[PDB]
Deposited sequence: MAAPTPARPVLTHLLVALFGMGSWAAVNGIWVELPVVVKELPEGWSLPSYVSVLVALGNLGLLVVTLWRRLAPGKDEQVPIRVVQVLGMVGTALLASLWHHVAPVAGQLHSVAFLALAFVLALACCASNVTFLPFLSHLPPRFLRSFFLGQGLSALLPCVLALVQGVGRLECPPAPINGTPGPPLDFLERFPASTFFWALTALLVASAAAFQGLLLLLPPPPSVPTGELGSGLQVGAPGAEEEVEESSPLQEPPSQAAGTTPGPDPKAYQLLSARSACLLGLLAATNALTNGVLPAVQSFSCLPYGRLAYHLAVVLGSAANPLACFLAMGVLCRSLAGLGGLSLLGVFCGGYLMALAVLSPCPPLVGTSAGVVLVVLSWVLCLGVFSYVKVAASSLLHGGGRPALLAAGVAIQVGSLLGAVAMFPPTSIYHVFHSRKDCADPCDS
């Protein structure tokens, strides 16, 4: 009866989805300076988030053994897991211990693994719950899910991450406590959304429903496995302004794509194929730039900064739009159709991360750049 309030509440509910991982990733530079691992930490966090897909195996087993039980119990378990994990991370992130003879960060990595589990279960737990609503709220859900990534980047901007050795404006404790506040707000918004709602076969093997799952898997394998790995190697040779602009504008291109989808939405499979193609084009240009990390073409000229920022903006916006559109097309099916859309996203992301591990952590194909020097 009150559509704007429902839009706001579903937006906040969706915002509290992937905030912990998207905050850890942006905070990595402040933490790296103290931990004994060094700059090998982004390859540990990646493997942890890839292994976190065991939350699906637990959600499925609980949905099997308890067949007709309630549907809001996994949502609340995931929310409490996230809140308590972020509090414990804010409290005990700097404890090291000798494992295998080497000093290692056990508390940081264990809590990152728990948060990855919660965030991976959040998909197959939160997304199918929107079958109780008209399809115009999937777009608000995804807009909030994009704000989930946009807000920590602004927080790291205010903190002063990446200023080059200056001392930030506040330590990592304040950052993780702000993340805890975000997660509590999301839990309260979902509790209100529960008060707002009234008291209570041939498709899976079709070609039209496989053409959408393949698109979801491929676009998510690109956006969630490869770009987080080649980001710095692509953007760093062009300075500190290029890197900051690329990061912030790529993070802000998701909510704007979801707003544009709120405006007009595509519904033909061929249009989504074309959009995915023009996104893969830029996604491949970025990696072709990252392979030549020492000296890419057009370095030190104002053309390269623009040509490397616009690629990130275009890629992330196009893929977010295709995700929103394909998910809204599969909503006609039910909770079963929506459940299929989360599993595909997660399988694609897992395949992307597993495929990106060997070029990055085994053979070292990309070569880093020494600061204040032009090789």
According to the entry, C-alpha coordinates are missing for deposited residues 1 to 6, 171 to 185, 222 to 267, 443 to 445
